[PDB]
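Fold and contact review
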Amino acid sequence: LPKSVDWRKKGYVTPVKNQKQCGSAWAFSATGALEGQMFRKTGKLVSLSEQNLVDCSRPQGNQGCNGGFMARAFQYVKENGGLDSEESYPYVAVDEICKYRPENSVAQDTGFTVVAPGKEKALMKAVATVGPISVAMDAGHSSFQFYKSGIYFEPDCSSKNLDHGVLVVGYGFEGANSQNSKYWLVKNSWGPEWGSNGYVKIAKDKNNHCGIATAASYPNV
Ligand SMILES: [Cl-]
Ligand SMILES: [Cl-]
């Protein structure tokens, strides 16, 4: 596998969005993964609707602004036959009436693939071969809230009890040795002002830190 990967440098990733006061990170992680897979398929980067997921995927088990899971979102897109664009179905950060319109759909998936649970090397392989990957993580720490630079490492992090969905857009390392001071490149949904332009470097090959490889998946387009 490559020593480092960053799909942002290849055009697969939209600018950082902001879920605001709605527990919809699962939806942003899902649209993020879908955006990259659709780009791989068509060469066009089109921002996708998190509000369409929030409003319409309760049947698949999501709970709108009160939480959800990326796999259930990819399941909804499959069963639904489509997903609208961000422009056509804008984000308002509150649970609303499902207004899915097929004519505005710009994405589809046939289901999703799960990364072997808990294996950072499996996640490394998925990231290098597929594109950005949706992952769950333990983000319940002030250290994460006020993260700004460096490789994030939090001793109180859990690899099993997760509360936030994010997007792995690559991986890398500091220095000249590709085999140490490694990190996962993670896109968050708390706006570009949070973290490092909306991103965070999370310690990689440090025992599945914060659960990054516990529940990773990607849509099949
Ligand atoms: Cl999930
Ligand atoms: Cl940057």
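Residues numbered from 1 in each chain as written, not as in the entry; some residues may be left out. Chains lettered and ligands numbered in written order. Part of a larger assembly, values for the part shown. Heavy atoms only, no water.

Method information in the entry identifies X-ray crystallography as the source of the structure, with 1.80 Å recorded as the resolution.

1. Thoughts on the pairing of strand β7 (residues 164–173)
For β7, the tally of buried residues reaches 9 of 10 residues, placing the bulk of the element in the interior. Examined bridge by bridge, strand β1 (residues 5–6) and β7 share 2 bridges and lie antiparallel to one another. Residue pairing across strands places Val5 opposite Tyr171, the latter belonging to β7. As defined by bridge partners, strand β5 (residues 133–137) adjoins β7 across 5 bridges and the pair is classed as antiparallel. Paired with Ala136 across the bridge in β7 is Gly165. Of the strand pairs in this sheet, β7 and strand β8 (residues 182–187) are connected by 6 bridges, and their pairing is antiparallel. Counted as the bridge partner of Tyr171 is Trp184 from β8. (Buried < 20%, exposed > 50% of the residue type's maximum accessible area, 1.4 Å probe, protein only. Helix = DSSP H or I, 4+ residues; strand = E, 2+ residues; numbered from the N terminus. Pairing = 2+ DSSP bridges.)

2. As for the nonpolar core
Core analysis: the largest hydrophobic core is formed by 63 residues, its most contacted members being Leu53, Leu123, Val127, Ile133, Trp184, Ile202 and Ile212. Contributing elements (two or more residues each) for this core: α1 (25–42), α2 (50–56), α3 (70–80), α4 (120–130), β5, β7, β8 and β9 (199–203). Among the elements that line this core, the one with the most residues is α1, at 8 residues. In this structure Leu123 touches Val115, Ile133, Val135, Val168, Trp184, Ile212, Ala213 and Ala216, once residues within four positions along its chain are discounted. (Core = buried A, V, L, I, M, F, W, Y, C linked by side-chain atoms within 4.5 Å. Contact = heavy atoms within 4.5 Å.)

3. What to know about α1
Taking 1.5 Å per residue as the helical rise, α1 with its 18 residues ought to reach 26 Å, and the 26 Å between its terminal C-alpha atoms agrees with that figure. In terms of burial, α1 is a largely internal element, 15 of the 18 residues being buried. Within two residues after α1, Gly43 carries a phi angle of roughly 80°, on the positive side. (Expected span 1.5 Å × (residues − 1).)

4. Things to note about the pairing of β8
With 6 of 6 residues buried, β8 lies mostly within the body of the structure. Neither face of β8 is left uncovered, since the one carrying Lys182, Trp184 and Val186 and the one carrying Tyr183, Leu185 and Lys187 both have all their residues buried.

5. A short note on the UniProt feature "disulfide bond" in the protein
UniProt's annotated cystine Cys22-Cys65 is reproduced in these coordinates, with an S-S distance of 2.0 Å, under 2.5 Å. One end of the pair, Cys22, is in the loop between β1 and α1; the other, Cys65, is in the loop between α2 and α3, and 43 residues separate them in sequence. Between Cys56 and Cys98, where UniProt places a disulfide, the sulfurs come within 2.0 Å of each other, which fits a bond. Of this pair, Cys56 sits in helix α2 while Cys98 sits in the loop between β2 (83–84) and β3 (105–107), and the two are 42 residues apart along the sequence. (Disulfide = S-S within 2.5 Å. UniProt positions renumbered as here; feature names shortened; annotations may be inferred.)

6. Side note on unusual backbone geometry
Positive phi, normally seen in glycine, also occurs at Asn197, with a value near 60°. As for its placement among the helices and strands, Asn197 is situated in the loop between β8 and β9. The phi angle at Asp205 is positive, at roughly 60°, despite the residue not being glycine. Note on placement: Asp205 falls in the loop between β9 and β10 (217–219).

7. Re the pattern of salt bridges
For the structure on display, the rule yields 10 salt bridges. With its nearest N and O atoms 2.8 Å apart, the salt bridge here joins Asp6 to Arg8. Across the pair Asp55 and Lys99 runs a salt bridge, and its minimum N-O distance is 3.9 Å. Taken together, the residues span a long stretch of sequence, with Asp55 in helix α2 and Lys99 in the loop between β2 and β3 at a distance of 44 residues. Residue classification places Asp55 among the buried positions, given a relative accessible area of 8%. (Salt bridge = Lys/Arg side-chain N within 4 Å of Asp/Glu carboxyl O.)

8. What to know about the packing of aromatic side chains
The full count for this structure, using the stated rule, is 11 aromatic pairs. Ring centres 5.0 Å apart and planes at 80° place the aromatic pair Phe28 and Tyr91 in the edge-to-face group. Taken as a pair, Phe28 in helix α1 and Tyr91 in the loop between β2 and β3 lie far apart in primary sequence, 63 residues in all. With a centroid separation of 6.5 Å and 40° between ring planes, the pair formed by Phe74 and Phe112 is classed as tilted. You can see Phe74 sitting in helix α3 and its partner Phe112 sitting in strand β4 (residues 112–114), a full 38 residues away along the chain. Taking relative accessible area as the criterion, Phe74 reaches 0% and is therefore assigned buried. (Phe/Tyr/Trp six-rings, centres within 6.5 Å; stacked < 30°, edge-to-face > 60°.)

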